[PDB]
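Commentary on secondary and tertiary structure
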Protein chains: 2
Amino acid sequence: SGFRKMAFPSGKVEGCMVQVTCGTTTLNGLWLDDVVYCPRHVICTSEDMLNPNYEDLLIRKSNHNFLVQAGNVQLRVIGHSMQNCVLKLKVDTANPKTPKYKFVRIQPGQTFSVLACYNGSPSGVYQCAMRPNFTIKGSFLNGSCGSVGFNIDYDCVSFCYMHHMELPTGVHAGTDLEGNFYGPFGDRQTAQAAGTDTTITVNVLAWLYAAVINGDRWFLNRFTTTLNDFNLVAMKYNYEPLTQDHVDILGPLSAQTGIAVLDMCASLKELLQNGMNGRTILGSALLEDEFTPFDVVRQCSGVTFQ
Amino acid sequence: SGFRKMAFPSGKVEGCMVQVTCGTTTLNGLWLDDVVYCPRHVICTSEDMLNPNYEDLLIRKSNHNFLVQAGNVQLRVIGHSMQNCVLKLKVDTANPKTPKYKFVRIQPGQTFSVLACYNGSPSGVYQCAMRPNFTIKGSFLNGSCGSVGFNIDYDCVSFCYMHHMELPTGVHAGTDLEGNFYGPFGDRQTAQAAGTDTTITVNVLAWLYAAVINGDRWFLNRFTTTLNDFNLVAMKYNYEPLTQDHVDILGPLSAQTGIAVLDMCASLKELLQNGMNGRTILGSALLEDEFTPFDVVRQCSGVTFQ
Ligand SMILES: *C(=N)[C@H](C[C@@H]1CCNC1=O)NC(=O)[C@@H]1[C@@H]2[C@H](CN1C(=O)[C@@H](NC(=O)C(F)(F)F)C(C)(C)C)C2(C)C
Ligand SMILES: *C(=N)[C@H](C[C@@H]1CCNC1=O)NC(=O)[C@@H]1[C@@H]2[C@H](CN1C(=O)[C@@H](NC(=O)C(F)(F)F)C(C)(C)C)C2(C)C
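Residues numbered from 1 in each chain as written, not as in the entry; some residues may be left out. Chains lettered and ligands numbered in written order. Heavy atoms only, no water.

Under the fitted operation, chain A is carried onto chain B by 0.0 Å of movement along the axis and a turn of 180°, and the coordinates agree to an RMSD of 0.0 Å. Here the copies are linked by what is in effect a two-fold axis. Among all residues of chain A, the minimum C-alpha distance to the rotation axis is found for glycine 11 of chain A, at 1.8 Å. Comparing contact sets, 100% of the residues at the interface of chain A also lie at the interface in chain B, consistent with an isologous, same-surface contact. (Least-squares fit on C-alpha atoms. Contact = heavy atoms within 4.5 Å.)

Put into structure tokens, the structure is as follows:
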């Protein structure tokens, strides 16, 4: 029993982190086979960040301008190119610790673990969700860019995020590993703001199921609702619409507990309309939306990674 | 910016996890040099758990009765002994992945990361605190015993917890790596209950400082208090006493922010007496007590591990 915001084991990703320095600037890179992936703004000076011409700044860099270190060990750069907002530095040594891996572009609502790093070394690991406004609520400081977000499925690490920047309110934005930003953001120090966020309804329902599984059942009521009528309430409280696909994805937890998804929807409707009146669910005073259905099942069934 | 419940990178500990099977029962072990540490109740059958005589059950086991596997690879057991509530299985192969490590007995109030494991494989990592009642609020299922809790300082893993059992309310109990339980518990399926818990006052203050550092300052008031008068309020709300040592330990965060510890105490006093009136601090609707002063500084300054 118990339910925690649980991150993936980070060892496979730790073996891939390196330091990338270009002149003054040092940030993190990801070393897979003989390629190091890092944010392209490593090539910028504190002078011009308001709007760099990255393509131009890069023509004036050569391989030797990039100091890549894996721990103590320098890795010689033997080629370089830019793909959208990331640099790919070909090095003379393939990482012997390269896990089985894929690059994925996650969808808003999905979760992943961030391995926060500085100077190529890990500081810590935590779980996040890609928010509907394409930000993540992370914890990042100067020097953290190039830190990555990932999922693990058995033996395969799916890299889905690389960290690039921090928006007003202290939320964070970044790219997939092909260097394409999530959301309408770019890597320039200009006036950018996240869109209004929304609550990930299907994840809240998944967490309510997690609560029932753990014995925290006080919020279950006797009623049901239709999908359409539920979504009218969701909208008012800035919850995203629940689709039939969401309902189907909740099927395993619904089956395990015997609580139809629409019955759980009626219980969530009442929580939105009436609040929690000082009670908690799974120790929380607010409704939690950063556990997917798969996260709940993984944690409550003990899924492990090879 | 941002502030997250952050766990230590788990790679050093992952390389140490193994599966230990004795007859039916399989749980996790920790493989350091040529010794595997695991909970002694691996030698029990589902028949007698209400009160095993472990010393007796062990005399009838020989080395070959223990199947130890590190991934696919069997490790031959060449000796065995019991130390309090853990078994030490000497094996014929030293773990080549053994990190620099120590065994520590943590104090209530301190935090550590748990690497939850099943069948010798990691499921996930999360941060916990040793509660004043010597429990942790973890997430554990059948088969998770032998999962360990740890801190990292530079290159050194301090192992402080091994998981043994779950108490009513869904809280968890275990031992240090010398097999001595934290708290008044034992490894027998009998009526055991945690004592009444209390809130870790010094950690709440540390988190309030973390909030100020992140710009969330609405709860700061203009007043101060004495240590003695603050502790009278703390007591009423089931907060542990704040000592001068606690004040001194908060010195770095007090210096960084310019807010005297006793000024922050006056602000916490007001939160306890008046509540938060629907506001949040660092995204939370409740006061958080599972960040130590060192955790806050580590996260807000980017401390990394070699
Ligand atoms: C990479 N190491 C840092 C990570 C930032 C730094 C503080 N916390 C973070 O997550 N990334 C940057 O410094 C990027 C970088 C230029 C400036 N920048 C920002 O994150 C800035 N934000 C924005 O410009 C805004 F508001 F548009 F998001 C800053 C104001 C410094 C936080 C480039 C190339 C975007
Ligand atoms: C080790 N793999 C499990 C972990 C438990 C199992 C469910 N969630 C956990 O953390 N440990 C046990 O099964 C231990 C073991 C006997 C029974 N046990 C318990 O945790 C039981 N608890 C107690 O007896 C109580 F209440 F005293 F804490 C159980 C009721 C099965 C949860 C021994 C040797 C303690």
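Now that the structure has been shown, the text picks up again.
Moving on, we come to the interface of chain A and chain B. Size of an interface, as often reported, equals the accessible area lost when the parts are brought together. On the chain B side, the residues contacting the 43 residues of chain A number 43 residues. Ranking the residues of chain A by area buried against chain B places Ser1, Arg4 and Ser123 of chain A at the top, with a combined share of 22%. Among the salt bridges present, the one from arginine 4 of chain B reaches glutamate 290 of chain A, with a minimum N-O distance of 2.9 Å. Inspection of the chain A/chain B interface yields 27 residue pairs in polar contact. At the level of elements, α1 (11-14), β9 (111-118), β10 (121-129) and α8 (293-301) of chain A are the ones that each hand at least two residues to the side of chain A that touches chain B. In terms of residue count, the dominant contributor to the side of chain A that touches chain B is β10 of chain A (eight residues). (Buried area = accessible area lost by both parts, 1.4 Å probe. Salt bridge = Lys/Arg side-chain N within 4 Å of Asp/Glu carboxyl O. Polar contact = N/O pair within 3.5 Å; in protein donor to acceptor, adjacent residues only side chain to side chain. Helix = DSSP H or I, 4+ residues; strand = E, 2+ residues; numbered from the N terminus.)

Residues and elements named next belong to chain B. Pairing within the open sheet is antiparallel, and its seven strands lie in the order β5-β4-β1-β2-β3-β7-β6. Because the sheet does not close on itself, it has two edges, and the strands there are β5 (73-75) and β6 (77-83). Between one strand axis and the next, the sheet turns by 30° as a mean value, whatever way the strands run. Direction of pairing for strand β1 (residues 17-22) relative to strand β4 (residues 66-70): antiparallel, over a ladder of four bridges. When the bridges of β4 are listed, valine 20 appears paired with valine 68. (Pairing = 2+ DSSP bridges. Axes fitted to C-alpha atoms, helices over the stretch in contact; angles between N-to-C directions.)

All names here are of chain B. Taken together, 21 residues lie near ligand 2, and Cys145, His163, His164, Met165 and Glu166 sit nearest. Between ligand 2 and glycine 143, the relevant distance is 3.4 Å, taken from a nitrogen atom to a main-chain nitrogen or oxygen of the residue. Contact between ligand 2 and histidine 164: a nitrogen atom at 2.9 Å from a main-chain N or O atom of the residue. Against a free-state accessible area of 690 Å², the protein chains account for coverage of 82% of ligand 2. (Near = heavy atom within 4 Å. Areas by Shrake-Rupley, 256 points an atom, 1.4 Å probe, with all protein chains shown as cover.)

This brings us to helix α4 (residues 227-236) of chain A. Residue and element names in this part refer to chain A. Burial in α4 covers these residues: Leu227, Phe230, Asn231, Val233 and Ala234. For α4, the buried positions fall inside an angular range of 160° around the axis, keeping them on one side. For α4, the exposed residues lying more than 90 degrees away from the buried face are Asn228, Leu232, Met235 and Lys236. Those residues of α4 that are buried lie in contact with α3 (201-213), α5 (244-249) and α7 (261-274). (Buried < 20%, exposed > 50% of the residue type's maximum accessible area, 1.4 Å probe, protein only. Arc of directions from axis to C-beta.)

Moving on, we come to the packing of aromatic side chains. Residues and elements named next belong to chain A. A complete count under the given rule lists 20 aromatic pairs over all chains for this structure. Geometrically, the ring pair formed by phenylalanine 8 and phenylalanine 150 is tilted, given 6.4 Å between the ring centres and 40° between the ring planes. Highlighted residues: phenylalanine 8 in the segment before α1 and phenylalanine 150 in strand β11 (residues 148-153), separated in sequence by 142 residues. When sorted by exposure, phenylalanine 8 lands in the same class as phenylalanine 150, which is buried. Members of the aromatic cluster, connected to one another through ring pairs, are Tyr37, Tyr101, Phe103 and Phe159. Its end group placed over the ring of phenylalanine 291, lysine 5 keeps NZ or CZ at 5.0 Å from the ring centre. (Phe/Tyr/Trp six-rings, centres within 6.5 Å; stacked < 30°, edge-to-face > 60°. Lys NZ or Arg CZ within 6 Å of the ring centre and 35° of its normal.)

Here we come to the site of ligand 1. Residues and elements named next belong to chain A. The local shell around ligand 1 holds 21 residues, among which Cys145, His163, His164, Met165 and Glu166 are the closest. Between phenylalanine 140 and ligand 1, the recorded distance is 3.2 Å, taken from a backbone N or O atom to a nitrogen atom. Within the backbone of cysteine 145, one N or O atom sits 2.9 Å away from a nitrogen atom of ligand 1. In the complex, the protein chains occlude 82% of the 690 Å² of accessible area that ligand 1 would expose alone. Broken down by class, the residue content of the shell around ligand 1 amounts to eight nonpolar, 10 polar and three charged. (Nonpolar A, V, L, I, M, F, W, Y, C, P; charged D, E, K, R; others polar.)

With that out of the way, let us pick up the pairing of strand β3 (residues 35-39) of chain B. All names here are of chain B. With five of its five residues buried, β3 lies for the most part within the structure. As paired strands, strand β2 (residues 25-32) and β3 are joined by three bridges and run antiparallel to one another. Of the residues in β3, the one forming a bridge with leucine 32 is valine 35. If you look at the hairpin formed by β2 and β3, you'll find two residues sitting between the two strands, and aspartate 33 has a positive phi there, around 50°. Judged from the five bridges that link them, β3 and strand β7 (residues 86-91) form a sheet pairing that is antiparallel. When the bridges of β7 are listed, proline 39 appears paired with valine 86.

What follows deals with the environment of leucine 282 of chain B. All names here are of chain B. By the secondary structure assignment, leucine 282 is in the loop between α7 (261-274) and α8 (293-301). Residue class for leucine 282 comes out partly exposed when judged on its relative accessible area of 22%. Linking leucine 282 and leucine 208, residues 74 residues apart in sequence, is a C-alpha distance of 8.6 Å. Beyond its immediate sequence surroundings of up to four residues, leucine 282 is in contact with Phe3, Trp207, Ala210, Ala211, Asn214 and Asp216.

So, on to the pattern of salt bridges. Under the defined criterion, the tally for this structure stands at 18 salt bridges over all chains. Of the charged contacts in the structure, one is a salt bridge between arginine 131 of chain B and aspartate 197 of chain B, with a shortest N-O distance of 2.8 Å. A residue pair is termed long-range when its members are at least 10 positions apart, and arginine 131 of chain B in the loop between β10 (121-129) and β11 (148-153) and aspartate 197 of chain B in the loop between β13 (171-175) and α3 (201-213) qualify at 66 residues. Residue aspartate 197 of chain B is classed as partly exposed on the basis of its relative accessible area of 21%. Overlapping salt bridges, with partners in common, bring together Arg4 of chain A together with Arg131, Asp197, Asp289 and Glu290 of chain B in one network.

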